[PDB]
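One protein chain, two forms: both are listed below as structure tokens, the first as structure 1 and the second as structure 2.
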Structure 1
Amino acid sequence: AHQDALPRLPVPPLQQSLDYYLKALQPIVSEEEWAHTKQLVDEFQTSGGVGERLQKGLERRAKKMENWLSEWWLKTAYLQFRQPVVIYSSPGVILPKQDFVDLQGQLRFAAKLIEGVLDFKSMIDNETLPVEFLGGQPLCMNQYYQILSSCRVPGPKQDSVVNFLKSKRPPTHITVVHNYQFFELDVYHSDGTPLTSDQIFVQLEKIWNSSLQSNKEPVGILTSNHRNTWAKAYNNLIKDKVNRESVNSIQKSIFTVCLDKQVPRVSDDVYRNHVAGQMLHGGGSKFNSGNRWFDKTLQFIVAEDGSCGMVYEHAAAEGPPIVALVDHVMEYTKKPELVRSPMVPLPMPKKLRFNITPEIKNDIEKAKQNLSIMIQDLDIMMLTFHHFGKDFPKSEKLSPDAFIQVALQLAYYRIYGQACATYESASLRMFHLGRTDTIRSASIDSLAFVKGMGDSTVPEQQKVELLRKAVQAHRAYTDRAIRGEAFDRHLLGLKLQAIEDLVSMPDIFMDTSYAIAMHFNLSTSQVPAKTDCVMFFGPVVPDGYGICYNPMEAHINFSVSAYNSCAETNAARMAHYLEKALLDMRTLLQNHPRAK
């Protein structure tokens, strides 16, 4: 009923989008390249031309489908992406560190966490999860029905997803991994009632005692390899009926809980960076990378030292829906432990076995080698910006997110001397089945500001004006994107429509300007959460950065990633310049009051 009342994703007018495209290109391409693209655009949109025909095709597509973009996006962005999901696709999350100091404490917390997710699940099962709004504007809730009891499945050409949430007999178990060993744990009794936190603890204790040694092959590490490689290894793994049953249990589980092992202590200044690594990829074959199943949509990680977090498979949902679950769960783990009814006998959680063959052992070794290379190449820098949060920008009547994005543009320019194609995720949930579109942070106004900011000939008064204009221009682009008026998904649609129409690939998509526009040296996303957490992910290009943040009232949690294979990037440096840019913007604004 709620979904039926939501507006359908629109197809923007052709000229409007192309006009916005030309404006977004101005700061990132040469004068010569822009002039050439301008000519291609004029020809592409001409009356009776190629572009108009494709546009008509997209409009027809919107009339015959619930959402014209959904399937195309899922396929192009995720299912057909063949690189490992680890680092390159699945975002990691670091949650507030817990105070437990030993094994029993680690298990007690895991029990509360599990109970909390099940509490959230009750609202999903009963479709009682409150509809979200944006001031009076309804949001699509479909993503919430794709995260539990689901899993990505390797395919030889493209991947697929399985979702058991609404099956005849929905799964009633979660999977728990300890020392690379997987267990099927029922979290509901036969009578249908959920297990209590105390009962769950008792079961986790059995699981722990049944996996005290780390001498079993880390089959789960196979899920971290290239999708072509895993597709083949997967097909071979499940040829054996027992292995197939074990994989089936993992795929069907409501979610997976990873009880990680102790790891070497590191200097306090790089601790959070190492924890982020643990949450994103596991740290390596000798640490916790084998204590995972990366195809799983939801994986909660409880570390030996109190740290906790999670990693989720991106084909399922975006950051906001995931943090909605996080906020609900963390809040639940803080609730007073009420009366505990007389417990009852519990079954032995089933240890999922894997019959290893020389072939499977080889695949596992190859996966370890591949992951080692990936981890060595990742550069992560976690930054807790304590100076201020949403409070300062708000006091200046400036959008906090826009303020942060402009600061990132300033930091990038200060390091590189030029702007770069920049991506910021925009939520399209105001539309039925809406996922995301692109907000382009590098603009005519942002470039004018960053140049003016560092120009020793431009008066500070002018720098201030340029600052506000850039921030408001970004806010405007953000508002347009959320209302389905951005142009990136639209252009992608036109390209996919051309492919489906069996017409020659239009020149506008083969243009050097389009290649530049689609190569994001800065890939970013704001994921606000009530919980003091932070999300992170790998860059989308070899010479880029992956930046995510959670703006709180008085501070901001930042993550910055980069690849070591690119000598031109450095996560720490980027983080430091971002911190300084934010501070310099506050300083400038405070030194030039609007009324006194």
Structure 2
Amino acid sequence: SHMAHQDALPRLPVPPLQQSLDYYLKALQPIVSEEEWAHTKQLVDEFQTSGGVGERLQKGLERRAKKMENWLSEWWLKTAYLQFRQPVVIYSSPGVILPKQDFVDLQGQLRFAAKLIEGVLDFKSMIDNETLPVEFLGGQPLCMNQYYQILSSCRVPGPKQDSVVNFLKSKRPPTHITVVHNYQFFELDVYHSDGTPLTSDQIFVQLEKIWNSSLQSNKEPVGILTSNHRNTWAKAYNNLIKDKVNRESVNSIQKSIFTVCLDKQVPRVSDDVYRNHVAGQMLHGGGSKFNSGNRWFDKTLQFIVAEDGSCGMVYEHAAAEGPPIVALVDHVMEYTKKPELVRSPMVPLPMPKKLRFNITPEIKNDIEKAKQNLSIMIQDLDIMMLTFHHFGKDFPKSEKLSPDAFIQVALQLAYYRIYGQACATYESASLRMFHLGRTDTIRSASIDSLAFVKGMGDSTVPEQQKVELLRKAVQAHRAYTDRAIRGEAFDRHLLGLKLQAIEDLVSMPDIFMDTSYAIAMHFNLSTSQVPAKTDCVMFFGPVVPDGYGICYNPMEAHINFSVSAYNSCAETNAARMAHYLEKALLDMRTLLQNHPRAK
């Protein structure tokens, strides 16, 4: 972003070694046995002793911090995404469901699409001019680098690891977006020769041409290839671009500012599962027979406009986290609600270029394989969308409690009620108060949360007592949160010590091969919060086979929830987890209301 802004932001620190180990042991207590904790406790002591292994690694991390803008940046990007070989679909690229629009016909669909496109270009103007407003979190300025990674970017399949291309600041920045309809991609210029952006009416005109240029799905769904395994896609991709035309098509897609997907009509399903299917449409596309082929999952920003008024998006996670994405969403949506000014006449426009694809037997085979793979992934995904209307941030605040911590503690209660034990829980924490900061880990399963969940279901404990336990659990979580955003958490630190050990060419420390660490990093509950003014919600698949993927948008009077799980694991059920979460949130409200503090 603006160099001046970034230069004033503090650099990502390296927490004290003994401090992070202390927090690590405390976070382990509720998720490991006494025997395992006692064992880990010894490993830690040895690990941190004077002249020991841990001390040498810590020294290394500190040297890394003095010779890089961010000691964690590249390591995280690589281990978290670039070296993650599983398909980006469902497993990595988050999905977003925006408020359903009111258009009732094709003209309306394109009308909103044209407006949305223009709204993105308006937001993009603040990026190209570095005039984008500064953001705060803990009362500190926030890194804006992510905003310069989302547009005109695209992920690239790699045989060993993937890469990312960014053309935003290239010699001649892209002035075109890509539009996908019935599996056919089109190169659409959204800027005039003089350098001014096209109008909503103009973009609309072009969308019509594009639409009439792909009235049937008689073209192979090449884009579906991008949903396969990264290793497989890498090879299929390397073959695909061997044709001049093909490479030219891919290149355009990769350089486009962003992609707009004009999805087709889907089988009218029951209302009790509608929202869930829409979530799937945005996350993976529904399937090869639906809209999955009308995508390109390597593209950083993909906006989706359904035929039934439904809309949303899916973005490639390597570029950024949710906050930056939603800020863009809020702006665009708020822009689509701008009263159309005086309609001015527009001269003829050029015919959007069609990004053709030369299909061969080999490519054909790759596509079919991609279909099979994607079909398996979809059939194994269990999603449950829950709109908590009972209340939002309003109640927790009236109780002088952090809404997020209230929600997280509720999740801990729900889980414990189902399984009778706590589990490694992950909650995304933003590290943007630091230059190039991405995220750190907040562990919702703690000593205090466990004391609460247990006492909560103990029919021998006074309600007055459960209240104290609840508030203490919430406060403990808020304290952990404050430390996380300030770079005082330990997960990224411990990861850094591990990677540092590898780089130093020393044997892998036992502390990292310890059972407790394996358990601590196996997140049965992987969660995050993505605030927004728009009544939208995000979702992603679980990070472990036997876990859940839970995301939410805490609003004032309600909370948009999303719960994912894998059908391959009989011990997990999205609907059930969501139901227990809803009930846990209510029981906590009931408990607090039954015992007011004020006199």
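Superpose the two forms; the largest set of C-alphas matching within 1.5 Å is the rigid core. Only residues modelled in both forms are compared. Numbers follow structure 1, counted from its first residue as 1.
- Between the two isolated copies of the chain, the second is the form solved in complex with ligand COA.
- Just a single entry of 417, 264, 136, 358 exceeds or equals a 2 Å CA shift between the two structures, which is 136 (rigid core superposed).
- Core-aligned Cα shift between the two structures at residue 210: this is 0.3 Å.
- Here residue 339 exhibits a Cα shift of 1.6 Å between the two structures, evaluated on the superposed rigid core.
- In sequence order, the runs of three or more residues whose C-alphas all shift by 2 angstroms or more between the two structures, with the rigid core superposed, are 134-136, 340-342.
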